[PDB]
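just the structure for this:
(8 chains)
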Amino acid sequence: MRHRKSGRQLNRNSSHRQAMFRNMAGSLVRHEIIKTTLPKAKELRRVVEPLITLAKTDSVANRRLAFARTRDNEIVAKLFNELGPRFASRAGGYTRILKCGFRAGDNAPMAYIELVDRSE
Amino acid sequence: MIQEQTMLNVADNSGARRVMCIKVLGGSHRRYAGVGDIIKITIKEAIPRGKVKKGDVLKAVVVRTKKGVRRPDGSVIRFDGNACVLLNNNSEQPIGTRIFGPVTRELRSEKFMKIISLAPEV
Amino acid sequence: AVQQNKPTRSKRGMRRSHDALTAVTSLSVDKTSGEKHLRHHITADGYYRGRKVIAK
RNA sequence: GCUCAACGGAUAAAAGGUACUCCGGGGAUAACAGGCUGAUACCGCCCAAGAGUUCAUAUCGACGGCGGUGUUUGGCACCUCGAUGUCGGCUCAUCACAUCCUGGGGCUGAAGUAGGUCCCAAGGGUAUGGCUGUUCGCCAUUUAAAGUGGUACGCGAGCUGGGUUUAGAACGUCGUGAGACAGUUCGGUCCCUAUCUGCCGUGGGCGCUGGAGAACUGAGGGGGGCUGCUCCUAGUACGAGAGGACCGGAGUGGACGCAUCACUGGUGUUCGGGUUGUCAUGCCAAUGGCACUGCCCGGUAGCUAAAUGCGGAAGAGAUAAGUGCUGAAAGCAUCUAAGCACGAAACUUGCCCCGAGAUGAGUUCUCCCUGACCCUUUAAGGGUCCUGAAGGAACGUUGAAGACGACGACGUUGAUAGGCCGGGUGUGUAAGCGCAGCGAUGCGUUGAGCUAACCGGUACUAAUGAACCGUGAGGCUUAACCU
RNA sequence: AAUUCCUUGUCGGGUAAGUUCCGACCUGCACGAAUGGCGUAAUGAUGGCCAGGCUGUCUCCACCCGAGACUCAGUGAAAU
RNA sequence: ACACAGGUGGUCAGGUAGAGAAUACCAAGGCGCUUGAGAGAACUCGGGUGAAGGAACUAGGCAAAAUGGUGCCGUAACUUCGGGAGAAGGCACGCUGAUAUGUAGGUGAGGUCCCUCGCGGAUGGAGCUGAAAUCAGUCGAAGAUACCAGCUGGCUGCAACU
RNA sequence: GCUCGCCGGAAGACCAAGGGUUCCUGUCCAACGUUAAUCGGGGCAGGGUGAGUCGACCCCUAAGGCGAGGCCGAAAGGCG
RNA sequence: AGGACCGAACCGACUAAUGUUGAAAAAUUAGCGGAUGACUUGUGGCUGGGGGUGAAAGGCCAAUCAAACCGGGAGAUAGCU
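Residues are numbered from 1 along each chain as shown, chains lettered A, B, ... in the order given. You can find the structure just below:
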């Protein structure tokens, strides 16, 4: 079992975890810091870093992508203009994780995920 | 892979498309047969030009496998059918005058070269 | 095939002896402020490892 | 005067059946199992009418006798009827030895090869196909064997549920008949919240005593144990010959057992591409979601067997049966008594793995610590301050390490996990632009475009000072040395 | 034989073999004409015996996915 | 007994695809739960993948997988002549062109016509709508592309069939 | 608030039986919804149910029940 | 035309599996099947204890039934426990 599978199966079916982490990517770029469980904060890093890398090139052929799973009306001008110089041009390491403590009244570990650069 | 209760085509001349594998032999418990090694067969159809009877119990040897001949380098030489040839139980030797098979190196590793060599195919 | 006679209250004390929860003492403090945290999370004041992480 | 004769007589008046029932009582009473016994059963010994062309006793035995066994077929009615699942089928154990095979060899109507028979021995081994409820039986082919027995003739808080042993049906028979039947078939349930003893992995204490760290002893346990095929010695021994062996000298196989993923297959729902229905980005292109991963077609890394590599060692010690030396009891004789020597697949090591709770608590090396005060009064006990080494714990990043714990890598004295860069394996030449062809479609730019695990490169993201636990040379003695 | 012990009668066919299957036979211990007799097709929630495709039923499973086994928090049993 | 995987009367069912009330994306409409967090081992339950072999498994192909659409072809024994039969066994299927640049099927102006006037009547065929099918050529592993969607043959006890 | 997902002959819309204050705003959080609860068909108040024509009634009456005068029966009860 | 071939709504029990201290007083998941009839069904009636109802199992008769359920004779009787 799992002898090269390094993917976390986490909790609930894959199709939930897909929908949820594709929605959370839109939620993260909107407010640039989001709070959730420590497992969810780490599982949001998967395929979203390749999606940030995908937003670097401003060519009309690359402008065809980053559009299949996460859409929003207020990223349409930042895409292929800002996400490069702000994040993707760093070449890896686009995020930060930090545990903030435990969840209210229960033993769940809580964390915040942020982008590696803040707007000035 | 060839085993007990397998139906095969036969490499013996004027042999029918249907002969039954009743034992895989070797004395010890055995799963499957092996190339160049013996197997026990019964004739399920007889052709009047042939030299065998339906329902008769005979000795055979495996001469082509879909598994191919592959021991020395792992490089396989493969065939599109599973077949054996018939042997006499007292006088020895292939009972036919022609063989329909590739007559590979492990068949010339037996006492049979004189009656198999009319057409080498590899 | 059922429990017959009650198990000993010393055995109940020994099976309960295997506890591992700690009294968290001492708690860690930040390199610029004497405010308490567990050894890898943020303070409830926005201070952490002498870096300062949440503004007011 | 009532064969009321069921006679000591239950009423001018009373017969059968229940497996369709059913009630009180029970191993007091049977069945499937536990005990007792061993006539019965199988075997040996004393003994011997005879067979064995001779000869009773190699081998076999009528007669009579005396045992070996627990062990069956029966006897028997103790403990069991407030309820021990029975036969067969599957799946899987433990002990005997009365040995089928495997090692040993004796006697012989044993030259030799064999056959017949005998007993030291249970360490290893002891198929498969068809018919039946099925054992029991029969048949075909395999085998070093196709051993016997105990364990409720071993494994239903095991799997199966065809027979027997449920309600209903259906045939043959007996009876006046309900019923009955050494007459028989079709459909017919198999329960279980694991407490305790046990078993199999794994944490945490107490201990060897001043505290820590690295590693290794071996009192003892486990694992292992057989075997098929072929060839040399050798056509050697024995024997005209026919025929044909021990002795030791190698190679090669299976069940079965182990390991790795390199080959060959498989799978591989973090992935490349085609496609039918449709929705979505205005619409078209391009592109994505859904329809079982829609349908798939495929597959890296990984894992796996059906793939490949390997496997039950060599050696040493000591024995039993058995063969002997030297020899007294028995002036001879004698494997035994004193004293010496050999021997089996057994027995014990060696092999392989565990292993000091081996409380009988093993052993070396390395690291560290050289502080005072008070009370009862004392070689005992309690308290106070000062501030602490060696080491551990905490925390990450996460693992080739996991259910929880335990354990690995390392943490900027940074490649621990990821992203990014250069490339692999694997897919398949797209998009955009134009061209040929009513067009499907094909062509060039193009080995296009696409990427995760594999390989190499890179601090781009992330990985606390160190708190806390731990303190101050650590009780007595036998013997020697240093002071 | 929905009727038959020994019986898998006894013979033939199918089969490496076949108490099953198919077909005969008579010697039915005991079928028999309305407590009916005998036969015929589509057909049968019917039973027995074979052939072919297809196939993880099986050689023998090996790896996945969705849900339980685990663990922590909240609320916290029963039979005995 | 419960805010319980259950039971329960009448009326309604658009688009795209499709014969369709099957079936999917959808429409209008609705809901995202009266325990949550996580994880992940022997094992438990269902689904997915299936090499080479295949009914050997089993009491039994049970269960499971394959077949599956309909126009044109081609069909045994037996039979109550109906049936058996979709027997058995075969071809074709996208797209475009060419068949019929769209046939069959349904519908159809004015004029000719008959009158009674007139929501005229009736005769007809310009027009409209529109299957299912064929052949060539090129493309794929695959065109009834998904969901949807018949295993085939033989012996036989017994029972009419529904 | 933005975004995602699933059902879409239902996981939608309307009507009825049967139930019964459930509707709405205004608050409350002891107990209840085997939790969190700020929510609530829960606690506790306050507001809300406007009809000539809608469903019932109207008028007739099937199955059936009742049943005079009359009959059967101690009678409960029953026939017609 | 049809006690006709397949088949929605409608019906429904046969195999298999899950469930079995359950969601559960009998369901769930998949399939095969009944669907102009000797059928099915909405609504209200009628059939009762040795009586009903049954193309008939002593099955069904509100979970019960070789004789239902409740209340009484009844604290019946037990050479027994």
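
in what helix or strand does the closest residue to RNA strand G within chain C lie?
With CB to the nearest atom of the strand, the shortest gap between chain C and RNA strand G falls at residue C:44, namely 17.5 Å. Bear in mind the C-beta positions are built from the backbone N, C-alpha and C, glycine included. Counting by DSSP states H and E, there is no helix or strand that carries residue C:44.

residue contacts, residue 46?
All of this is about chain A. A:7, A:21 (CB atoms under 8 Å, 6 or more residues apart in numbering or on different chains).

I was thinking of chain C, sorry if that wasn't clear
Going by CB under 8 Å, 6+ apart, the list of residues near residue C:46 reads C:52, C:53, C:54, C:55, C:56.

and the residue nearest the centre of chain B?
Ranked by distance to the mean C-alpha position of chain B (CA atoms, centre = their mean), the top residue is residue B:84 at 1.5 Å.

which one is the residue of chain C closest to RNA strand G nearest to, not counting chain neighbours?
Nearest residue to residue C:44 in three dimensions, chain neighbours excluded: residue C:35, at 7.8 Å (CB to CB, 6 or more residues apart in numbering or on different chains).

didn't the one you found look like it was pressed against residue C:27?
No: with contact defined as CB atoms under 8 Å, residue C:35 does not reach residue C:27; the gap is 9.4 Å.

tell me which of those two has more neighbours.
residue C:35 (15 against 10; other CB atoms under 10 Å in any protein chain shown).

and the closest residue to residue B:20 other than its chain neighbours, its phi and psi?
Using CB to CB, 6+ apart and skipping the chain neighbours, the partner closest in space to residue B:20 is residue B:42 (4.7 Å). Main-chain torsions, residue B:42, degrees, to the nearest 10: phi -120, psi 140.

beta partners of residue B:42?
Per DSSP bridges, the residues bridged to residue B:42 are residue B:20, residue B:57.

surely it and residue B:60 touch.
No: using CB under 8 Å, residue B:42 is not in contact with residue B:60, being 10.1 Å away.

what's the overlap in contacts for the two?
residue B:19.

neighbour count winner among these two?
Higher neighbour count among residue B:42 and residue B:60: residue B:60, with 24 against 14, using other CB under 10 Å.

list the contacts of that one.
B:19, B:38, B:39, B:40, B:41, B:84, B:85, B:86, B:87.

from those, which land in strands?
Among the contacts of residue B:60, the residues falling in strands (DSSP state E) are B:19, B:38, B:39, B:40, B:41, B:84, B:85, B:86, B:87.

reformat the residues you listed as CSV; add distance to RNA strand F.
Below are the ones in strands among the contacts of residue B:60 laid out as CSV (distance: CB to the nearest atom of the strand, whole Å):
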residue, distance to RNA strand F
B:19, 12
B:38, 18
B:39, 13
B:40, 15
B:41, 14
B:84, 13
B:85, 17
B:86, 19
B:87, 22
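
quick one: which of those residues is most hemmed in?
residue B:84 (29 neighbours).

thinking that residue is in contact with residue B:40, fair?
No: the criterion here is CB under 8 Å, and residue B:84 misses it with residue B:40 at 10.1 Å.

give me the number of residues near residue B:10?
Neighbourhood size, residue B:10 [other CB under 10 Å]: 26.

closest to residue B:103 among the contacts of residue B:60?
Among the contacts of residue B:60, residue B:85 lies closest to residue B:103 (CB to CB), at 9.6 Å.

for the closest one, which non-adjacent residue is spatially closest?
Counting by CB to CB, 6+ apart, residue B:85 lies nearest to residue B:11, which is 4.3 Å off, once chain neighbours are set aside.

so the one you found touches residue B:101, yeah?
Yes: in this structure, residue B:11 is within contact of residue B:101 by CB under 8 Å, at 4.4 Å.

shared neighbours, those two?
B:63, B:64, B:83, B:85.

would you list those residues in a markdown table and tack on distance to RNA strand G?
Putting the shared contacts of residue B:11 and residue B:101 into a markdown table (distance: CB to the nearest atom of the strand, whole Å) gives the following:
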| residue | distance to RNA strand G |
| --- | --- |
| B:63 | 57 |
| B:64 | 52 |
| B:83 | 53 |
| B:85 | 60 |
